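*Asks:*
Protein chains: 2
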Amino acid sequence: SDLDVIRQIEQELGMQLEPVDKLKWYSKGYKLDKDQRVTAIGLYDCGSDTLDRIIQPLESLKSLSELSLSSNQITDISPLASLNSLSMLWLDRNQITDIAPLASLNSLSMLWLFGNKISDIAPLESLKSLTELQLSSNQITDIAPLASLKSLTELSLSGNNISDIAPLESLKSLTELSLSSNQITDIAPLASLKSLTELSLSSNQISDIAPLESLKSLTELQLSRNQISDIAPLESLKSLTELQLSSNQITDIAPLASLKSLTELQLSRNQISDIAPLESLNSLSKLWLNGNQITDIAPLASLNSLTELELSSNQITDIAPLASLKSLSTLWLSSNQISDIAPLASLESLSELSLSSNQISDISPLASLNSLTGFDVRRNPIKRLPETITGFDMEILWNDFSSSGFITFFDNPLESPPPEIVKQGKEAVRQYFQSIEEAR
Amino acid sequence: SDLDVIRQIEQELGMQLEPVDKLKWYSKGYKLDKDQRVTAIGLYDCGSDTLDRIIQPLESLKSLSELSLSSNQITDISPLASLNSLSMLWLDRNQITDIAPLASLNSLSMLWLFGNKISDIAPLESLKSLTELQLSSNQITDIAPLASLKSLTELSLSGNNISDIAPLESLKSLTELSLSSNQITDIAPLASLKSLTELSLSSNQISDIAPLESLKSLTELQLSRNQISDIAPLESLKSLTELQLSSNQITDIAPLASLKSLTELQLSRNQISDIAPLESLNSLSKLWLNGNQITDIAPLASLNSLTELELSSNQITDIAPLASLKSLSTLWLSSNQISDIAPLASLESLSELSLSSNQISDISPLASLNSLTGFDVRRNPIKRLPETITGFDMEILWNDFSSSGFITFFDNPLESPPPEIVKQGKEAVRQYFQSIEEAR
Numbered sequence: 002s003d004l005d006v007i008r009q010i011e012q013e014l015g016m017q018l019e020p021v022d023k024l025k026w027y028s029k030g031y032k033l034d035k036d037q038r039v040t041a042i043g044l045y046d047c048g049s050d051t052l053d054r055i056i057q058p059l060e061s062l063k064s065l066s067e068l069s070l071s072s073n074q075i076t077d078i079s080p081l082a083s084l085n086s087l088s089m090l091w092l093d094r095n096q097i098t099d100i101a102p103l104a105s106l107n108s109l110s111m112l113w114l115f116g117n118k119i120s121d122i123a124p125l126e127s128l129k130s131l132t133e134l135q136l137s138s139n140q141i142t143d144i145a146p147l148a149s150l151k152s153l154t155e156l157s158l159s160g161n162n163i164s165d166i167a168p169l170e171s172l173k174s175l176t177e178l179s180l181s182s183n184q185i186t187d188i189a190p191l192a193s194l195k196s197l198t199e200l201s202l203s204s205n206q207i208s209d210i211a212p213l214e215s216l217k218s219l220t221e222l223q224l225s226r227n228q229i230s231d232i233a234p235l236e237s238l239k240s241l242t243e244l245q246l247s248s249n250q251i252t253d254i255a256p257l258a259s260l261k262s263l264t265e266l267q268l269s270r271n272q273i274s275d276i277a278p279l280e281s282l283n284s285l286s287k288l289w290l291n292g293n294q295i296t297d298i299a300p301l302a303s304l305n306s307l308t309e310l311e312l313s314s315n316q317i318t319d320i321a322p323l324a325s326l327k328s329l330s331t332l333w334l335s336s337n338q339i340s341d342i343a344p345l346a347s348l349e350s351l352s353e354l355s356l357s358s359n360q361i362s363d364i365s366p367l368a369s370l371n372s373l374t375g376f377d378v379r380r381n382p383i384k385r386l387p388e389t390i391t392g393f394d395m396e397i398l399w400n401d402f403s404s405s406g407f408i409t410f411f412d413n414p415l416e417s418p419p420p421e422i423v424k425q426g427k428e429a430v431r432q433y434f435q436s437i438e439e440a441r
Numbered sequence: 002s003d004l005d006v007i008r009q010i011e012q013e014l015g016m017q018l019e020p021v022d023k024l025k026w027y028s029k030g031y032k033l034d035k036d037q038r039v040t041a042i043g044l045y046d047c048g049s050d051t052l053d054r055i056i057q058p059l060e061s062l063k064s065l066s067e068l069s070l071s072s073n074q075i076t077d078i079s080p081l082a083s084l085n086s087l088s089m090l091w092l093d094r095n096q097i098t099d100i101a102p103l104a105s106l107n108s109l110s111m112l113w114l115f116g117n118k119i120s121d122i123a124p125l126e127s128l129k130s131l132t133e134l135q136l137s138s139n140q141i142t143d144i145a146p147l148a149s150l151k152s153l154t155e156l157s158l159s160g161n162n163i164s165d166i167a168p169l170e171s172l173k174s175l176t177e178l179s180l181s182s183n184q185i186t187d188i189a190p191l192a193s194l195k196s197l198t199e200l201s202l203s204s205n206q207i208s209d210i211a212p213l214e215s216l217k218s219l220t221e222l223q224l225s226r227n228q229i230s231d232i233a234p235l236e237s238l239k240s241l242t243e244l245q246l247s248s249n250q251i252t253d254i255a256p257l258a259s260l261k262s263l264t265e266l267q268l269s270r271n272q273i274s275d276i277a278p279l280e281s282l283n284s285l286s287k288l289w290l291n292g293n294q295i296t297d298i299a300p301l302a303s304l305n306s307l308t309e310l311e312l313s314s315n316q317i318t319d320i321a322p323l324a325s326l327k328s329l330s331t332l333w334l335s336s337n338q339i340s341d342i343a344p345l346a347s348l349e350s351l352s353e354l355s356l357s358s359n360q361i362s363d364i365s366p367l368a369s370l371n372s373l374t375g376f377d378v379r380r381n382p383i384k385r386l387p388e389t390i391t392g393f394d395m396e397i398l399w400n401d402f403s404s405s406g407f408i409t410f411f412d413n414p415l416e417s418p419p420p421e422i423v424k425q426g427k428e429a430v431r432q433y434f435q436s437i438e439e440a441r
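So the sequence lines, in the order shown, correspond to chains A and B. Residue numbers for the first sequence, in the entry's author numbering: 2 to 441. Residue numbers for the second sequence, in the entry's author numbering: 2 to 441.
Pasting the structure below:
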């Protein structure tokens, strides 16, 4: 019986396989049917020999529909050609170069081949029932074979060597597509994939994103590390909640003004000065604007849903517009031109704050923020600490890095408690102040 | 006119005062009446001299009801007695020791005296119009004088030398009370204060919290750093939204199971091993459980509102129960016994992850987590990095600390890309993998 074969496999491998209701790629188990027949088997992370040692036991399981051999570093998958009943196959995280044996698996609807050494995907042309296909982190350049797979809905091809994506043009049922870390410049073939909901294109050489304009079902779009300066095409993508545009050449963000469903926006390492277009984005909870040319941040005042805000490496001076942000929990302001941090004392939800590499002399206003669990004040001209610094429940560190749960000093020209006291920790600082209070 | 008197103050002190629509404690300016009259003035951070020099101009402002002398290092406030119609006064962050002059200000409704050197508060007895009073960070032991201030709604007494709090029993209109960092043991007198919605008693010597039993309107309660072992009195506090119980002596959290309004819960540094009672806390978003004796984590699987989860320093091996948590974005798992993170591949919203000091060798399961902006894998037996390690929107560091924006390695026995190449950065790592592809 099918269960007796499980016993043989267990015995041959010297391991234990357990029943599950749903086979997962990392499963070390099997699934049984209402007739006690093995419909699935997972042999995740058993060894490179695994396929060789138990091919026959697998061949004798006739209702076997799902097989995982993830994370075995298997180099030869020739034996699998026998198993033409398979509809789901996990071969990710192996050492496969030749996938010719997989052309025999005519009933495959789900295939995972992440993290192998594949260049030729000609053998996949005949697998028309495929709906989910993972080919990321291989060595693929030619994706012509994919033009036949018209029932594909999820396709991953990130981390290959692809420049030509024209073969995807007729894959109109595709809703999730990953194409990051490739050699892509022309994305015109994507203009026809109108039911895409998630698209990733980061680390390519895209300049012209005009073809994205019609892709109105997009909710999630990754475009970081490209050569994009013109984002006018994005204006029409009204369903977007998550948008990543870091490491581009953007100056004008006016087309984002209308993207009212955005909750997460990353615009790091561009050349933005004017952020006036962000004032209407009232659902924005996470905003990354680090590494730009910003000085005026008045437009952020009305963004009351903001819980996380990265503004480090700009030229900001006046931070009073942030005073309204009641829900702000994490604020990064490193490497700006700030001198006065008094208005930050109204940030009632603030827990993590970095003010390093500014020109701040007086941090006494921070004493009111009992909510703070960590803050960073390295490289500021602070000379005297107020007694109220012991009122926080965080240890004090002297290091050149930020750390949560701690107050961090470095290269501050401290005089009142001088550095020699501060380097000793929270208790030394308390006793310093205590020894001069009790003598008063 | 009033505007001329402002010009007089500006000349005398040699500064600018600007109109404001509302006076804040840190304001350098004034608010004007409908009839061009000054009803509010702020002289924040001018100097210890300031009060003596402009008291007379302040006397001529007949409609003045709000004054800020915050952060001036004032030593004596005698001249203030001349002002009658003040209803709001900020004197925080000075060097006040004697507050007798405040007794004459009968119409005071708001008084801030945070961060001074006050020990005698007898002068406040007569100020029975006070609703908000801030006395944190002073040298107060005896709070008998407050007993008659029955109009108080907000009181702060944190950072003082208080052990006896019986005088607070009569203050039944109190909605907010802060008593953190004192010498309190007996909180019996708080049982009478049934309109309290916010209470802080952190850093005391409290053991018996039975007196909290009847405080049914409590929504925020901070009891961290005490000697609490029995938390059954919290069982009936159904309106509780945030609860902090870190650094106590708690083992049995069964009483928490009925607190279904809880969204933030901190139980760090206790002796908990069984977290089954959290299972029904379905609104829980932030959960801190670090520094306990947890091994089994299965009760977290149904907590689908979780966005932030702190599980460092326990004895966890199996991470599979986290797989379901699709909203989880921050996850701390440092110092456990984890050897496999395959189940974390399903954490689509994950953006900050710490895995340091564990037994993990394969970090490839994270490859398709495209919104990871920070991850830490110091002190794990990682020998071989996956190619996709360079694919993230994250730089690579070899450094003995975690940092947002970066992938951080330290004390990893790396072979494939050796430590030396990894410390050169992201592109050197990319160059290493590329040379191998094109040679083979």
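We treat Cβ as the ideally placed atom computed from N, Cα and C, and that holds for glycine.
#1: Residue 219 of chain B and residue 200 of chain B - do their beta-carbons sit closer together than 8 Å?
#2: Tell me which residues share the same chain as residue 334 of chain B and place their Cβ nearer than 8 Å to its Cβ, disregarding the 5 neighbours each side in the sequence.
#3: If you measure beta-carbon to beta-carbon, which residues of the stretch 147-164 of chain B are closer than 8 Å to chain E?
#4: Do you know how far the Cα of residue 176 of chain B is from the Cα of residue 198 of chain B?
#5: Alpha helix (DSSP H) containing residue 440 of chain B: first to last residue?
#6: Using the C-alpha atoms, what's the distance from residue 106 of chain B back to residue 422 of chain A?
#7: Distance check for residue 326 of chain A and residue 308 of chain A, CA to CA, integer angstroms please.
#8: Can you pull the chain B neighbours of residue 245 of chain A, defined as C-beta to C-beta under 9 Å?
#9: Only counting the same chain, and skipping five residues up and downstream in sequence, which positions put a Cβ closer than 7 Å to that of residue 101 of chain A?
#10: The beta strand (DSSP E) with residue 39 of chain B in it runs from where to where?
#11: Since residue 38 of chain A contacts residue 64 of chain A with CB under 8 Å, what's their CB separation in whole angstroms?
#12: Cutting at 6 Å between CB atoms, please list the residues of its own chain near residue 431 of chain A, excluding the five before and the five after it.
#13: Using a Cβ-Cβ distance cut-off of 8 Å, determine whether residue 429 of chain B contacts chain A.
#14: Output needed in chain order: residues of the stretch 180-193 of chain A with a Cβ under 8 Å from some Cβ in chain B.
#15: Could you spell out where the alpha helix (DSSP H) holding residue 59 of chain A opens and where it closes?
#16: List, in chain order, every chain B residue whose beta-carbon is nearer than 7 Å to that of residue 116 of chain A.
#17: With 16 as the cutoff for other CB atoms within 10 Å, does residue 395 of chain B come out buried or exposed?
#18: Anyone know if the C-beta pair for residue 166 of chain A and residue 188 of chain A falls short of 8 Å?
#19: By DSSP's criteria, residue 280 of chain B is part of a beta bridge. Which residues make up the other side?
#20: Check the Cβ of residue 488 of chain A against every Cβ in chain B and list those closer than 7 Å, keeping chain order.
#21: Near residue 253 of chain A, which residues of its chain fall below 7 Å by C-beta distance, leaving aside the five closest residues on each side in sequence?
#22: Can you tell me which of the three DSSP states residue 414 of chain A falls into?
#23: Which first and last residues belong to the alpha helix (DSSP H) in which residue 421 of chain B is found?
#24: Would you mind sorting residue 368 of chain B into buried or exposed? The rule is 16 or more other CB atoms within 10 Å of its CB.
#25: Would you please verify whether the beta carbon of residue 167 of chain A is less than 8 Å from any beta carbon of chain B?
#26: Mind pulling the beta strand (DSSP E) runs of 3 or more residues that sit fully within the stretch 178-236 of chain A?
#27: In this structure, does DSSP put residue 251 of chain B in helix, strand or coil?
#28: Excluding the five sequence neighbours on either side, which residues of its own chain have a C-beta within less than 6 Å of the C-beta of residue 338 of chain A, listed in chain order?
#29: With a threshold of 6 Å on Cβ separation, who are the neighbours of residue 388 of chain B within its own chain once the five nearest residues in sequence on each side are excluded?
#30: What residue from B:232, B:243, B:266 and B:262 has the CA that sits closest to residue 255 of chain B's CA?
#31: Please report whether the beta-carbon of residue 133 of chain B lies at a distance below 8 Å from any beta-carbon of chain A.
#32: Is it right to say residue 243 of chain A is buried, meaning 16 or more other beta carbons lie within 10 angstroms of its own, or is it exposed?
#33: For the stretch 206-215 of chain B against the stretch 223-230 of chain B, are there 3 or more C-beta pairs whose distance is under 8 Å?
#34: So, for residue 283 of chain A: in the same chain, excluding its five sequence neighbours on each side, which residues have a beta-carbon less than 6 Å away from its beta-carbon?
#35: Using CA atoms only, rank isn't needed, just tell me which of B:304, B:33, B:190 and B:44 is closest to residue 265 of chain B.
#36: Between the alpha carbons of residue 381 of chain A and residue 363 of chain A, how many angstroms are there, rounded?
*Replies:* Checking against the coordinates, here is how it stands:
#1: Numbered from its first residue, the second sequence carries residue 200 of chain B at position 199. Numbered from its first residue, the second sequence carries residue 219 of chain B at position 218. Result yes, Cβ atoms of residue 200 of chain B and residue 219 of chain B sit closer than 8 Å.
#2: Looking up residue 334 of chain B in the second sequence gives position 333. The residues are 312, 313, 317, 320, 354, 355, 356 and 359.
#3: Absence of chain E from the displayed structure is noted, the protein chains being A and B.
#4: Here residue 198 of chain B refers to the residue found at position 197 of the second sequence. Here residue 176 of chain B refers to the residue found at position 175 of the second sequence. When rounded, the distance between both Cα atoms is 5 Å.
#5: Reading the second sequence from its first residue, position 439 is the one you call residue 440 of chain B. 427-440 is the span of the alpha helix (DSSP H), which, as asked, contains residue 440 of chain B.
#6: Here residue 422 of chain A is taken as the residue at index 421 of the first sequence, counted from 1. Here residue 106 of chain B is taken as the residue at index 105 of the second sequence, counted from 1. Approximately 42 Å between the Cα atoms of the pair.
#7: For the purposes of this step, residue 308 of chain A is identified with residue 307 of the first sequence, where counting begins at 1. For the purposes of this step, residue 326 of chain A is identified with residue 325 of the first sequence, where counting begins at 1. Looking at the two C-alpha atoms, the distance is approximately 8 Å.
#8: Taking the first residue of the first sequence as position 1, residue 245 of chain A is located at position 244. What residue 245 of chain A touches in chain B: 371, 372 and 394.
#9: Counting from 1 along the first sequence, the entry for residue 101 of chain A is found at position 100. If we look at residue 101 of chain A and ignore the five residues flanking it on each side, its Cβ neighbours are 124.
#10: Taking the first residue of the second sequence as position 1, residue 39 of chain B is located at position 38. Taken as a continuous stretch (DSSP letters only), the beta strand (DSSP E) holding residue 39 of chain B covers 39-44.
#11: Residue mapping note: residue 38 of chain A aligns to position 37 of the first sequence, counting from 1. Residue mapping note: residue 64 of chain A aligns to position 63 of the first sequence, counting from 1. With a Cβ gap of about 4 Å, residue 38 of chain A and residue 64 of chain A count as contacting.
#12: If you number the first sequence from 1, residue 431 of chain A lands on position 430. Closer than 6 Å at the Cβ level, and outside the excluded window around residue 431 of chain A, lie 391.
#13: Mapped onto the second sequence, residue 429 of chain B falls at position 428. Residue contact with chain A for residue 429 of chain B: absent (no Cβ-Cβ distance below 8 Å to any residue of chain A).
#14: Listed in sequence order: 181 and 182.
#15: For the purposes of this step, residue 59 of chain A is taken as the residue at position 58 of the first sequence. Per DSSP, residue 59 of chain A belongs to the alpha helix (DSSP H) from 51-60.
#16: As a first step, residue 116 of chain A must be located in the first sequence, where it is residue number 115. Residues of chain B passing the Cβ test: 365 and 387.
#17: On the second sequence, residue 395 of chain B is found 394 positions in, with the first residue counted as 1. Flag for residue 395 of chain B reads buried.
#18: Counted from its first residue, the first sequence places residue 166 of chain A at position 165. Counted from its first residue, the first sequence places residue 188 of chain A at position 187. Yes, the pair counts as a contact, with Cβ atoms nearer than the cut-off.
#19: Indexing the second sequence from 1 puts residue 280 of chain B at position 279. For residue 280 of chain B, DSSP records no beta bridge to any residue.
#20: Absent from the model: residue 488 of chain A. The displayed extent of chain A is 2 to 441, so no value can be given.
#21: By 1-based counting over the first sequence, the position of residue 253 of chain A is 252. Cβ neighbours of residue 253 of chain A beyond the five flanking positions: none.
#22: By 1-based counting over the first sequence, the position of residue 414 of chain A is 413. Coil.
#23: Here residue 421 of chain B refers to the residue found at position 420 of the second sequence. Start and end: 420-423.
#24: Counting from one through the second sequence, the residue named residue 368 of chain B turns up at place 367. Residue 368 of chain B comes out buried.
#25: One-based indexing of the first sequence puts residue 167 of chain A at position 166. No, its Cβ sits nowhere closer than 8 Å to a Cβ of chain B.
#26: 199-201 and 221-223
#27: One-based indexing of the second sequence puts residue 251 of chain B at position 250. Here residue 251 of chain B sits in coil by DSSP.
#28: Numbered from 1 along the first sequence, position 337 holds the residue referred to as residue 338 of chain A. Around residue 338 of chain A: 316 and 318.
#29: In the second sequence, residue 388 of chain B corresponds to position 387, counting from 1. Within the same chain, residue 388 of chain B has close Cβ partners 434.
#30: As a first step, residue 255 of chain B must be located in the second sequence, where it is residue number 254. Checked all of B:232, B:243, B:266 and B:262; the closest Cα to residue 255 of chain B is B:232.
#31: Position 132 of the second sequence, counting from 1, holds the residue named residue 133 of chain B. Answer no: the Cβ-Cβ gap between residue 133 of chain B and chain A never drops below 8 Å.
#32: Along the first sequence, one-based indexing puts residue 243 of chain A at 242. Around the Cβ of residue 243 of chain A, a 10 Å sphere holds 16 or more other Cβ atoms; the residue is buried.
#33: yes
#34: For the purposes of this step, residue 283 of chain A is taken as residue 282 along the first sequence, with counting starting at 1. Contacts found: none.
#35: Start at 1 with the first residue of the second sequence, and residue 265 of chain B comes out as number 264. Looking at the Cα atoms, B:304 is the closest of the given residues.
#36: Mapped onto the first sequence, residue 381 of chain A falls at position 380. Mapped onto the first sequence, residue 363 of chain A falls at position 362. Their backbone Cα atoms lie some 9 Å apart in a straight line.
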